[PDB]
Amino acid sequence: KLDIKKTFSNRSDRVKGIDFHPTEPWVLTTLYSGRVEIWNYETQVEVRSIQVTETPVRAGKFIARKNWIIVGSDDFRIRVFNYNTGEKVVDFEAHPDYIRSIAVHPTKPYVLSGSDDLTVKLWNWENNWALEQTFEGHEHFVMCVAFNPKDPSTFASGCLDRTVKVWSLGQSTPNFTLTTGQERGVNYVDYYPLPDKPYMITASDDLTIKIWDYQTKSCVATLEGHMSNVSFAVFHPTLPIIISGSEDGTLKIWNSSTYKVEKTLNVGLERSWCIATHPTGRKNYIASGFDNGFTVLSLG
């Protein structure tokens, strides 16, 4: 039963990245101001925060099994910090242009970064953060990268060139390129995590969200209702819903069978930029970052 409760919300500078820790009740936010924050959303006290840089930090993920966070910023750098001590673990120039998105492999010591330099890069932390591969082919900014959780030897990249490319690690060309028909670009791509559907979802400045069958490459559905750029759309990992967020200031919760909107939320933090869902669905938590702060919600 959908019963949305605000578990914790705080104001800050614009939140561009956000992520949940899988075992501590913590959320990481990465800010346009160069600051990152880790909050305990149950006690409502900061665990740790760092002034990383003076440029925006658009991307940040926990790497829980190593006690790290990894972040990427407009100064072209990837940094990794130990969240227990604050210590900086590594600091390197990853691309010659902004970093939009970082994904962490669930099982292997790999990280993907996607950038305005038109590539995705694969880094290996068990090989001194060596660059192991550069995936070339996109023709505008790479806005989003995400591993297929059912087969993390493959990953999807979403691009302002209006395509999604799906790639295999260790192979230089995409397995396939999806021509989205989202003419203003793709801001975000996400996989449905369960084995019953081979689905991906994309979000666009053209105000649409689209569901794809990645076996047949067909568009299964198009979800309309947002009134400004759609920054993200994801499938909830346990509940039968899709969650999206937009520069129109709303989050929307859509029924994932009927693709109809169930609930529209204006949390009143202005434009929405990023999303995370709790990996194990603890309290069905989701969190979103906005112009004016973040919010952590229990969906029921």
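One-based numbering along the sequence shown.
Just going by the entry, 100 to 108 versus 189 to 197 on mean CA temperature factor gives the higher value to 189 to 197. Between the stretches 67 to 75 and 141 to 149, it is 141 to 149 that shows the larger average CA temperature factor. Among 134, 113, 229, 85, the highest C-alpha B-factor in the deposited entry belongs to 229. Which of 119, 154, 124, 216 has the largest Cα B-factor in the deposited entry comes down to 216. In the PDB entry, a CA B factor belonging to the highest third of its chain's modelled residues is recorded for residue 262.
Residue 289: CA B factor lies in the lowest third for its chain, per the PDB record. Annotation for residue 23: CA B-factor lies in the middle third of the chain's modelled residues. Among the modelled residues of its chain, residue 90 has a C-alpha B-factor that falls in the lowest third, as given in the PDB entry. Among the modelled residues of the chain, residue 254 sits in the highest third by CA temperature factor in this PDB entry.
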